[PDB]
$ cat structure_23.cif   # mmCIF, C-alpha atoms and all ligand atoms
data_structure
#
loop_
_atom_site.group_PDB
_atom_site.id
_atom_site.type_symbol
_atom_site.label_atom_id
_atom_site.label_comp_id
_atom_site.auth_asym_id
_atom_site.auth_seq_id
_atom_site.Cartn_x
_atom_site.Cartn_y
_atom_site.Cartn_z
ATOM 1 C CA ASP A 154 -3.536 -10.173 16.371
ATOM 2 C CA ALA A 155 -0.289 -9.681 18.324
ATOM 3 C CA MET A 156 0.700 -6.621 20.310
ATOM 4 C CA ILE A 157 4.314 -5.785 21.174
ATOM 5 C CA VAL A 158 5.751 -2.842 23.055
ATOM 6 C CA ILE A 159 9.417 -1.806 22.778
ATOM 7 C CA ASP A 160 11.517 1.015 24.239
ATOM 8 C CA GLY A 161 13.522 3.508 22.188
ATOM 9 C CA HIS A 162 16.290 0.901 21.971
ATOM 10 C CA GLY A 163 14.296 -1.900 20.354
ATOM 11 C CA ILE A 164 14.023 -3.924 23.549
ATOM 12 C CA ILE A 165 10.740 -5.785 24.114
ATOM 13 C CA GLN A 166 8.872 -4.494 27.180
ATOM 14 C CA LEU A 167 5.429 -6.079 26.718
ATOM 15 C CA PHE A 168 4.514 -9.201 24.753
ATOM 16 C CA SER A 169 0.838 -10.186 24.507
ATOM 17 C CA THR A 170 -0.595 -13.694 24.790
ATOM 18 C CA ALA A 171 -1.597 -13.520 21.136
ATOM 19 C CA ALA A 172 1.995 -12.638 20.214
ATOM 20 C CA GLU A 173 3.187 -15.742 22.081
ATOM 21 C CA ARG A 174 1.007 -17.912 19.860
ATOM 22 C CA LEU A 175 2.002 -16.149 16.671
ATOM 23 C CA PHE A 176 5.755 -16.021 17.195
ATOM 24 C CA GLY A 177 6.231 -19.012 19.482
ATOM 25 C CA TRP A 178 8.249 -17.194 22.154
ATOM 26 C CA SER A 179 6.771 -17.005 25.630
ATOM 27 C CA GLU A 180 6.357 -13.691 27.403
ATOM 28 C CA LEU A 181 9.315 -14.261 29.747
ATOM 29 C CA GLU A 182 11.580 -15.339 26.892
ATOM 30 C CA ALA A 183 10.674 -12.444 24.599
ATOM 31 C CA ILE A 184 10.872 -9.663 27.196
ATOM 32 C CA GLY A 185 14.358 -8.235 27.506
ATOM 33 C CA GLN A 186 15.227 -9.209 23.926
ATOM 34 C CA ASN A 187 15.666 -6.950 20.901
ATOM 35 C CA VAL A 188 12.589 -6.877 18.667
ATOM 36 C CA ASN A 189 14.908 -7.874 15.814
ATOM 37 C CA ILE A 190 14.562 -11.465 16.986
ATOM 38 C CA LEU A 191 11.133 -11.547 15.322
ATOM 39 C CA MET A 192 12.435 -10.841 11.812
ATOM 40 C CA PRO A 193 14.851 -12.343 9.241
ATOM 41 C CA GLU A 194 17.947 -10.842 7.624
ATOM 42 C CA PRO A 195 18.648 -8.319 6.194
ATOM 43 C CA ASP A 196 16.035 -6.422 8.257
ATOM 44 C CA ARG A 197 17.262 -8.104 11.434
ATOM 45 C CA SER A 198 20.781 -6.590 11.330
ATOM 46 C CA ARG A 199 19.441 -3.220 10.235
ATOM 47 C CA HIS A 200 16.450 -2.799 12.555
ATOM 48 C CA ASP A 201 18.431 -0.884 15.196
ATOM 49 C CA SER A 202 19.489 1.642 12.528
ATOM 50 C CA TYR A 203 15.848 1.862 11.433
ATOM 51 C CA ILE A 204 14.909 3.026 14.929
ATOM 52 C CA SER A 205 18.015 5.177 15.400
ATOM 53 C CA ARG A 206 17.345 6.754 12.020
ATOM 54 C CA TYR A 207 13.791 7.622 13.046
ATOM 55 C CA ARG A 208 14.814 8.932 16.465
ATOM 56 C CA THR A 209 17.022 11.583 14.831
ATOM 57 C CA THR A 210 15.423 12.377 11.461
ATOM 58 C CA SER A 211 11.882 11.924 12.801
ATOM 59 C CA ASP A 212 10.766 10.829 9.328
ATOM 60 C CA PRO A 213 8.379 7.867 9.687
ATOM 61 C CA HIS A 214 8.466 5.071 7.127
ATOM 62 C CA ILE A 215 5.955 2.754 8.783
ATOM 63 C CA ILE A 216 4.541 4.779 11.671
ATOM 64 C CA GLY A 217 1.153 6.167 10.701
ATOM 65 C CA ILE A 218 1.509 4.407 7.364
ATOM 66 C CA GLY A 219 1.574 0.668 7.979
ATOM 67 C CA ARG A 220 3.303 -1.962 5.841
ATOM 68 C CA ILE A 221 3.230 -5.661 4.993
ATOM 69 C CA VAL A 222 6.478 -7.353 5.973
ATOM 70 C CA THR A 223 7.903 -10.775 6.686
ATOM 71 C CA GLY A 224 7.882 -12.022 10.251
ATOM 72 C CA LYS A 225 10.109 -14.807 11.557
ATOM 73 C CA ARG A 226 8.839 -17.439 14.004
ATOM 74 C CA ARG A 227 10.863 -19.245 16.669
ATOM 75 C CA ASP A 228 11.123 -22.400 14.558
ATOM 76 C CA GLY A 229 12.656 -20.334 11.763
ATOM 77 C CA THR A 230 9.537 -20.293 9.576
ATOM 78 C CA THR A 231 8.699 -16.916 8.045
ATOM 79 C CA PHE A 232 5.297 -15.406 7.310
ATOM 80 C CA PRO A 233 3.563 -12.289 5.901
ATOM 81 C CA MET A 234 2.041 -9.904 8.437
ATOM 82 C CA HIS A 235 0.628 -6.427 8.424
ATOM 83 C CA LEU A 236 2.435 -4.078 10.799
ATOM 84 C CA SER A 237 1.051 -0.903 12.337
ATOM 85 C CA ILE A 238 3.236 1.080 14.702
ATOM 86 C CA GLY A 239 2.200 3.650 17.274
ATOM 87 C CA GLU A 240 4.463 6.078 19.119
ATOM 88 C CA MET A 241 3.914 6.805 22.804
ATOM 89 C CA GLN A 242 5.817 8.206 25.749
ATOM 90 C CA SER A 243 5.965 7.114 29.380
ATOM 91 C CA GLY A 244 8.237 8.236 32.192
ATOM 92 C CA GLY A 245 9.646 10.853 29.841
ATOM 93 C CA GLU A 246 10.871 8.089 27.520
ATOM 94 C CA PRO A 247 9.628 7.026 24.050
ATOM 95 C CA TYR A 248 7.882 3.689 23.519
ATOM 96 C CA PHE A 249 6.672 2.045 20.362
ATOM 97 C CA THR A 250 3.739 -0.288 20.112
ATOM 98 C CA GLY A 251 3.361 -2.681 17.233
ATOM 99 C CA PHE A 252 0.086 -4.299 16.232
ATOM 100 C CA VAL A 253 0.487 -7.369 14.071
ATOM 101 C CA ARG A 254 -1.995 -9.043 11.726
ATOM 102 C CA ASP A 255 -1.105 -12.507 10.428
ATOM 103 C CA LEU A 256 -1.787 -12.657 6.674
ATOM 104 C CA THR A 257 -0.699 -16.283 6.224
ATOM 105 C CA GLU A 258 -4.207 -17.404 5.243
ATOM 106 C CA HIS A 259 -4.658 -14.501 2.805
ATOM 107 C CA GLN A 260 -1.401 -15.327 1.076
ATOM 108 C CA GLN A 261 -2.139 -19.072 0.920
ATOM 109 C CA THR A 262 -5.584 -18.520 -0.575
ATOM 110 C CA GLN A 263 -4.210 -16.083 -3.157
ATOM 111 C CA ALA A 264 -1.399 -18.443 -4.204
ATOM 112 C CA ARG A 265 -3.846 -21.367 -4.374
ATOM 113 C CA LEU A 266 -6.340 -19.508 -6.575
ATOM 114 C CA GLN A 267 -3.437 -18.459 -8.804
ATOM 115 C CA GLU A 268 -2.287 -22.068 -9.139
ATOM 116 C CA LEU A 269 -5.736 -23.254 -10.305
HETATM 117 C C1 LIG A 301 8.726 -8.600 12.918
HETATM 118 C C2 LIG A 301 8.855 -7.850 11.708
HETATM 119 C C3 LIG A 301 9.285 -6.534 11.553
HETATM 120 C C4 LIG A 301 9.923 -6.150 10.437
HETATM 121 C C5 LIG A 301 10.305 -7.112 9.309
HETATM 122 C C6 LIG A 301 10.152 -4.726 10.551
HETATM 123 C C7 LIG A 301 10.669 -3.935 9.547
HETATM 124 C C8 LIG A 301 10.983 -2.595 9.643
HETATM 125 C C9 LIG A 301 11.370 -1.768 8.524
HETATM 126 C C10 LIG A 301 11.525 -2.236 7.066
HETATM 127 C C11 LIG A 301 11.560 -0.523 9.004
HETATM 128 C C12 LIG A 301 12.200 0.636 8.249
HETATM 129 C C13 LIG A 301 11.322 1.015 7.079
HETATM 130 C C14 LIG A 301 12.065 1.814 6.037
HETATM 131 O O1 LIG A 301 13.239 2.174 6.278
HETATM 132 O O2 LIG A 301 11.468 2.081 4.975
HETATM 133 C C15 LIG A 301 11.130 -0.533 10.379
HETATM 134 C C16 LIG A 301 11.038 0.586 11.186
HETATM 135 C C17 LIG A 301 10.669 0.568 12.521
HETATM 136 N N1 LIG A 301 10.323 -0.568 13.226
HETATM 137 FE FE1 LIG A 301 10.193 -2.424 12.573
HETATM 138 N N2 LIG A 301 9.844 -4.303 11.829
HETATM 139 C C18 LIG A 301 9.165 -5.361 12.385
HETATM 140 C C19 LIG A 301 8.528 -5.310 13.603
HETATM 141 C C20 LIG A 301 8.515 -4.212 14.431
HETATM 142 C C21 LIG A 301 7.863 -4.169 15.707
HETATM 143 C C22 LIG A 301 7.065 -5.274 16.359
HETATM 144 C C23 LIG A 301 8.161 -2.988 16.260
HETATM 145 C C24 LIG A 301 7.828 -2.704 17.582
HETATM 146 C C25 LIG A 301 6.854 -1.825 17.985
HETATM 147 C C26 LIG A 301 8.879 -2.216 15.267
HETATM 148 C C27 LIG A 301 9.229 -0.875 15.402
HETATM 149 C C28 LIG A 301 9.893 -0.107 14.457
HETATM 150 C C29 LIG A 301 10.146 1.309 14.575
HETATM 151 C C30 LIG A 301 9.853 2.216 15.759
HETATM 152 C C31 LIG A 301 10.622 1.726 13.380
HETATM 153 C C32 LIG A 301 10.969 3.184 13.028
HETATM 154 C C33 LIG A 301 9.748 4.082 12.835
HETATM 155 C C34 LIG A 301 9.345 4.233 11.372
HETATM 156 O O3 LIG A 301 10.194 3.981 10.489
HETATM 157 O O4 LIG A 301 8.184 4.618 11.106
HETATM 158 N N3 LIG A 301 9.147 -3.011 14.172
HETATM 159 N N4 LIG A 301 10.862 -1.826 10.782
#

$ encode --input "structure_23.cif" --output "structure tokens" --more "lines below"
Ligand code: HEM
Amino acid sequence: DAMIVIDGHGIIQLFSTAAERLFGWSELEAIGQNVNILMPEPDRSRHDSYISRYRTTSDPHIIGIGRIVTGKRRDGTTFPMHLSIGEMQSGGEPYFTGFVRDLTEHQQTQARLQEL
């Protein structure tokens, strides 16, 4: 679904059209903001340390692995999403690209079948 590109400081550089629909923020609004605006606490307040931690230790926890986490929309509603992260460099600086897959439907179907 969504594609997001951030610098080594967690600041959003590129925000795809699909991401706009998924998170509710427009491209102009999102750009120049910390990526932590797309997640809820406690991850939100710790995301910078997550990046900092990786930039020094170089031990990936999601990069090359992938993980299912909770995303937070503009209207405050949260949702499950699969997150894949890629590391790249441009202009001698590190950039991270995140590919997001909305799993809202999957989760709803699973809960529904469990309820019946
Ligand atoms: C919107 C929901 C998101 C949540 C809830 C989330 C959550 C997390 C978590 C839990 C970690 C640390 C994992 C651990 O310590 O075990 C992490 C690491 C990281 N996040 Fe996010 N994140 C989200 C989106 C993104 C996006 C869109 C990017 C942008 C490309 C991103 C880039 C990173 C980077 C670079 C790391 C460190 C590299 C690594 O640990 O492999 N995150 N994030």

$ resolve_selection --input "structure_23.cif" --expression "the PyMOL selection byres (((not hetatm)) within 6 of (chain A and resi 301))" --output "ChimeraX atom specification"
/A:157-159,191-192,196,200,203-204,207,213-216,222-224,238,249-251

$ resolve_selection --input "structure_23.cif" --expression "the PyMOL selection byres (((chain A and resi 167) around 7) and not hetatm)" --output "list in words"
residues 157, 158, 165, 166, 168, 169 and 184 of chain A

$ atom_distance --input "structure_23.cif" --atom1 "atom CA of residue 252 of chain A" --atom2 "atom CA of residue 265 of chain A"
27.0 Å

$ axis_aligned_box --input "structure_23.cif" --around "segment 212-218 of chain A" --padding-each-side "4 Å" --output "lines of an AutoDock Vina configuration file"
center_x = 6.0
center_y = 6.8
center_z = 9.4
size_x = 17.6
size_y = 16.1
size_z = 12.5

$ resolve_selection --input "structure_23.cif" --expression "the PyMOL selection byres (((chain A and resi 254-260) around 10) and not hetatm)" --output "PDB file with C-alpha atoms, in the frame of the given file"
ATOM      1  CA  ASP A 154      -3.536 -10.173  16.371  1.00  0.00           C
ATOM      2  CA  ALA A 155      -0.289  -9.681  18.324  1.00  0.00           C
ATOM      3  CA  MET A 156       0.700  -6.621  20.310  1.00  0.00           C
ATOM      4  CA  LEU A 175       2.002 -16.149  16.671  1.00  0.00           C
ATOM      5  CA  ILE A 221       3.230  -5.661   4.993  1.00  0.00           C
ATOM      6  CA  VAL A 222       6.478  -7.353   5.973  1.00  0.00           C
ATOM      7  CA  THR A 223       7.903 -10.775   6.686  1.00  0.00           C
ATOM      8  CA  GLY A 224       7.882 -12.022  10.251  1.00  0.00           C
ATOM      9  CA  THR A 231       8.699 -16.916   8.045  1.00  0.00           C
ATOM     10  CA  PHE A 232       5.297 -15.406   7.310  1.00  0.00           C
ATOM     11  CA  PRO A 233       3.563 -12.289   5.901  1.00  0.00           C
ATOM     12  CA  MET A 234       2.041  -9.904   8.437  1.00  0.00           C
ATOM     13  CA  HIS A 235       0.628  -6.427   8.424  1.00  0.00           C
ATOM     14  CA  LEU A 236       2.435  -4.078  10.799  1.00  0.00           C
ATOM     15  CA  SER A 237       1.051  -0.903  12.337  1.00  0.00           C
ATOM     16  CA  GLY A 251       3.361  -2.681  17.233  1.00  0.00           C
ATOM     17  CA  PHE A 252       0.086  -4.299  16.232  1.00  0.00           C
ATOM     18  CA  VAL A 253       0.487  -7.369  14.071  1.00  0.00           C
ATOM     19  CA  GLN A 261      -2.139 -19.072   0.920  1.00  0.00           C
ATOM     20  CA  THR A 262      -5.584 -18.520  -0.575  1.00  0.00           C
ATOM     21  CA  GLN A 263      -4.210 -16.083  -3.157  1.00  0.00           C
ATOM     22  CA  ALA A 264      -1.399 -18.443  -4.204  1.00  0.00           C
ATOM     23  CA  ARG A 265      -3.846 -21.367  -4.374  1.00  0.00           C
TER      24      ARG A 265
END

$ closest_residue --input "structure_23.cif" --among "A:229, A:244, A:161, A:181" --to "residue 194 of chain A" --atoms "only C-alpha atoms"
A:229

$ atom_distance --input "structure_23.cif" --atom1 "atom CA of residue 211 of chain A" --atom2 "atom CA of residue 176 of chain A"
28.9 Å

$ atom_distance --input "structure_23.cif" --atom1 "atom CA of residue 230 of chain A" --atom2 "atom CA of residue 160 of chain A"
25.9 Å

$ decode --input "structure_23.cif" --residues "segment 176-188 of chain A" --atoms "N, CA and C atoms" --output "PDB file, in the first residue's frame"
ATOM      1  N   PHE A 176      -3.300   7.070   5.866  1.00  0.00           N
ATOM      2  CA  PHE A 176      -3.137   7.796   7.112  1.00  0.00           C
ATOM      3  C   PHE A 176      -3.970   9.070   7.251  1.00  0.00           C
ATOM      4  N   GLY A 177      -4.481   9.589   6.143  1.00  0.00           N
ATOM      5  CA  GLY A 177      -5.293  10.791   6.225  1.00  0.00           C
ATOM      6  C   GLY A 177      -4.552  12.116   6.099  1.00  0.00           C
ATOM      7  N   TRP A 178      -3.234  12.106   6.261  1.00  0.00           N
ATOM      8  CA  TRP A 178      -2.465  13.342   6.126  1.00  0.00           C
ATOM      9  C   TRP A 178      -2.121  13.556   4.665  1.00  0.00           C
ATOM     10  N   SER A 179      -2.146  14.805   4.217  1.00  0.00           N
ATOM     11  CA  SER A 179      -1.796  15.079   2.835  1.00  0.00           C
ATOM     12  C   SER A 179      -0.283  15.166   2.773  1.00  0.00           C
ATOM     13  N   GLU A 180       0.238  15.040   1.565  1.00  0.00           N
ATOM     14  CA  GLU A 180       1.656  15.085   1.290  1.00  0.00           C
ATOM     15  C   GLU A 180       2.363  16.293   1.898  1.00  0.00           C
ATOM     16  N   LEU A 181       1.789  17.477   1.709  1.00  0.00           N
ATOM     17  CA  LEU A 181       2.375  18.712   2.236  1.00  0.00           C
ATOM     18  C   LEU A 181       2.383  18.746   3.765  1.00  0.00           C
ATOM     19  N   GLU A 182       1.315  18.227   4.364  1.00  0.00           N
ATOM     20  CA  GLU A 182       1.202  18.184   5.813  1.00  0.00           C
ATOM     21  C   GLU A 182       2.237  17.225   6.392  1.00  0.00           C
ATOM     22  N   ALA A 183       2.246  15.996   5.880  1.00  0.00           N
ATOM     23  CA  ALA A 183       3.165  14.975   6.366  1.00  0.00           C
ATOM     24  C   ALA A 183       4.647  15.317   6.221  1.00  0.00           C
ATOM     25  N   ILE A 184       5.053  15.798   5.048  1.00  0.00           N
ATOM     26  CA  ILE A 184       6.456  16.125   4.829  1.00  0.00           C
ATOM     27  C   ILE A 184       6.945  17.159   5.838  1.00  0.00           C
ATOM     28  N   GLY A 185       8.144  16.932   6.365  1.00  0.00           N
ATOM     29  CA  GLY A 185       8.691  17.844   7.347  1.00  0.00           C
ATOM     30  C   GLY A 185       8.274  17.496   8.764  1.00  0.00           C
ATOM     31  N   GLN A 186       7.542  16.396   8.925  1.00  0.00           N
ATOM     32  CA  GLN A 186       7.115  15.948  10.252  1.00  0.00           C
ATOM     33  C   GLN A 186       7.873  14.678  10.613  1.00  0.00           C
ATOM     34  N   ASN A 187       7.931  14.359  11.903  1.00  0.00           N
ATOM     35  CA  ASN A 187       8.618  13.153  12.344  1.00  0.00           C
ATOM     36  C   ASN A 187       7.679  12.006  11.972  1.00  0.00           C
ATOM     37  N   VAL A 188       8.246  10.857  11.624  1.00  0.00           N
ATOM     38  CA  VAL A 188       7.429   9.707  11.258  1.00  0.00           C
ATOM     39  C   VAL A 188       6.607   9.247  12.476  1.00  0.00           C
TER      40      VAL A 188
END
